[PDB]
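Participant: Below: one structure in structure tokens.
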Amino acid sequence: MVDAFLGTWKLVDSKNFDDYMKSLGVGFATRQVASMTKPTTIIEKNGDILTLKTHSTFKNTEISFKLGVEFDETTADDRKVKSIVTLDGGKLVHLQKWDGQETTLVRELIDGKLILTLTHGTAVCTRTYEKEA
Ligand SMILES: CCCCCCCCCCCCCCCCCCCCC(=O)O
């Protein structure tokens with residue numbers, strides 16, 4: 001069910017990521033470096049455990065989870081959140097909750113590209129990744 005998401009993905013387009021980071025309270029210097037990084041996202045499965053790595057010259061992260069089971073997460077910007085990832089409409093939907101706040105990280109495949117939509121507050125960001133062979 002998640003299998004077309006698996007693999008190594010490289011960032012090839014970003015829209016409104018500064019808006020998203022600023023909504024989350026990320027400081028200007030961090031937003032500045034993040035606006036020029038191009039992460040690699042690696043999505044691997046082992047049985048029903050998924051591991052999602054995000055690698056860059058600035059910040060690395062890694063999470064492991066089962067679909068539909070809440071997990072603790074510490075984000076790249078150091079928020080301690082309660083997370084859950086599920087498949088919804090063929091999209092991989094990651095919801096983070098903290099301090100009564102929420103943000104969603106939604107991944108959808110369109111013409112072989114992975115489109116990540118990041119929503120917090122009113123800010124909506126769309127990032128596009130292409131597979132690596
Ligand atoms: C988990 C993302 C880590 C790699 C980040 C790229 C280099 C620096 C960015 C981190 C800056 C703090 C803002 C983080 C906000 C939260 C996660 C955004 C992930 C975006 C993506 O996966 O394309």
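Going by the structure tokens order, chains are called A, B, ..., each with residues numbered from 1, while ligands are numbered from 1 in the order shown.
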As a PyMOL selection string, please: all residues of chain A that backbone DSSP puts in strand (DSSP E or B).
Facilitator: chain A and resi 7-15+40-46+49-55+61-66+71-74+80-88+91-98+101-110+113-120+123-132
Participant: So that I can see what lies close to residue A:60, please list as a PyMOL selection string the residues with an atom at most 10 Å from it, counting only C-alpha atoms and leaving out residues fewer than 4 positions away in the same chain.
Facilitator: chain A and resi 39-41+53-56+75-76
Participant: Using C-alpha atoms, can you export the residues from the last selection as a PDB file, in the first residue's frame?
Facilitator:
```pdb
ATOM      1  CA  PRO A  39      17.457  17.437   1.180  1.00  0.00           C
ATOM      2  CA  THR A  40      17.402  13.788   0.274  1.00  0.00           C
ATOM      3  CA  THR A  41      14.458  11.842   1.706  1.00  0.00           C
ATOM      4  CA  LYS A  53      15.295   9.710   6.761  1.00  0.00           C
ATOM      5  CA  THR A  54      15.857  13.322   5.729  1.00  0.00           C
ATOM      6  CA  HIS A  55      19.474  14.151   4.965  1.00  0.00           C
ATOM      7  CA  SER A  56      21.093  17.469   4.116  1.00  0.00           C
ATOM      8  CA  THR A  75      11.473  17.615  14.627  1.00  0.00           C
ATOM      9  CA  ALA A  76      14.309  19.296  12.739  1.00  0.00           C
TER      10      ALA A  76
END
```
Participant: Step by step, measure atom-to-atom distances between ligand 1 and each residue using only C-alpha atoms and all ligand atoms, keep those at most 9 Å, then write them as a VMD selection string.
Facilitator: chain A and resid 11 14 17 to 18 20 to 22 24 26 to 27 30 to 31 33 to 41 52 to 63 75 to 79 105 116 118 126 to 129
Participant: Write the residues of the preceding selection, restricted to C-alpha atoms, as a compact mmCIF listing (two decimals), in the first residue's frame.
Facilitator:
```txt
# COMPACT_ATOMS: atom_id res chain seq x y z
CA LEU A 11 14.31 17.96 -3.67
CA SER A 14 10.07 24.35 -3.21
CA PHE A 17 8.89 26.86 2.72
CA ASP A 18 9.98 30.12 4.34
CA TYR A 20 5.90 27.47 6.69
CA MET A 21 9.08 27.74 8.77
CA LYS A 22 8.22 31.25 9.91
CA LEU A 24 6.46 27.43 13.15
CA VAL A 26 11.94 29.09 13.07
CA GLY A 27 14.54 31.86 13.37
CA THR A 30 17.91 28.84 10.15
CA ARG A 31 15.25 29.74 7.54
CA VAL A 33 20.18 28.17 5.36
CA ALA A 34 17.13 25.92 4.94
CA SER A 35 15.95 27.97 1.91
CA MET A 36 19.07 26.90 0.00
CA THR A 37 19.42 23.23 1.15
CA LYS A 38 18.11 20.40 -1.02
CA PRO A 39 17.46 17.44 1.18
CA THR A 40 17.40 13.79 0.27
CA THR A 41 14.46 11.84 1.71
CA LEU A 52 11.89 8.04 6.90
CA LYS A 53 15.29 9.71 6.76
CA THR A 54 15.86 13.32 5.73
CA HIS A 55 19.47 14.15 4.96
CA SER A 56 21.09 17.47 4.12
CA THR A 57 24.15 19.64 4.58
CA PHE A 58 22.31 21.41 7.44
CA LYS A 59 19.99 19.19 9.46
CA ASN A 60 19.53 15.33 9.40
CA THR A 61 16.46 13.57 10.84
CA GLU A 62 15.20 10.00 11.05
CA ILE A 63 11.88 8.61 12.25
CA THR A 75 11.47 17.62 14.63
CA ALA A 76 14.31 19.30 12.74
CA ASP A 77 13.35 22.59 14.44
CA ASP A 78 13.33 20.90 17.90
CA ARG A 79 9.59 20.62 18.51
CA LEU A 105 2.97 16.79 6.11
CA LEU A 116 5.05 17.08 -0.06
CA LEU A 118 3.29 21.20 4.59
CA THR A 126 4.59 22.51 -1.61
CA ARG A 127 7.88 20.74 -2.15
CA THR A 128 8.59 18.41 -4.99
CA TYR A 129 11.05 15.51 -4.90
```
Participant: Determine the nearest neighbour of residue A:6 from the options A:29, A:114, A:69, A:87, counting only C-alpha atoms.
Facilitator: A:114
Participant: When you look at residue A:49 with a cut-off of 6 Å (counting only C-alpha atoms), what residues show up, excluding the ones that are within fewer than 2 positions of it in the same chain? I need them as a VMD selection string.
Facilitator: chain A and resid 45 to 47 65 to 66
Participant: DSSP on the backbone: what in chain A comes out alpha helix (DSSP H), as a list in words?
Facilitator: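 DSSP on the backbone gives alpha helix (DSSP H) at residues 17, 18, 19, 20, 21, 22, 23, 28, 29, 30, 31, 32, 33 and 34 of chain A.
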Participant: Take atom CA of residue A:68 and atom CA of residue A:98 and report the distance between them in Å, one decimal.
Facilitator: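 So the two atoms, atom CA of residue A:68 and atom CA of residue A:98, lie 17.8 Å apart.
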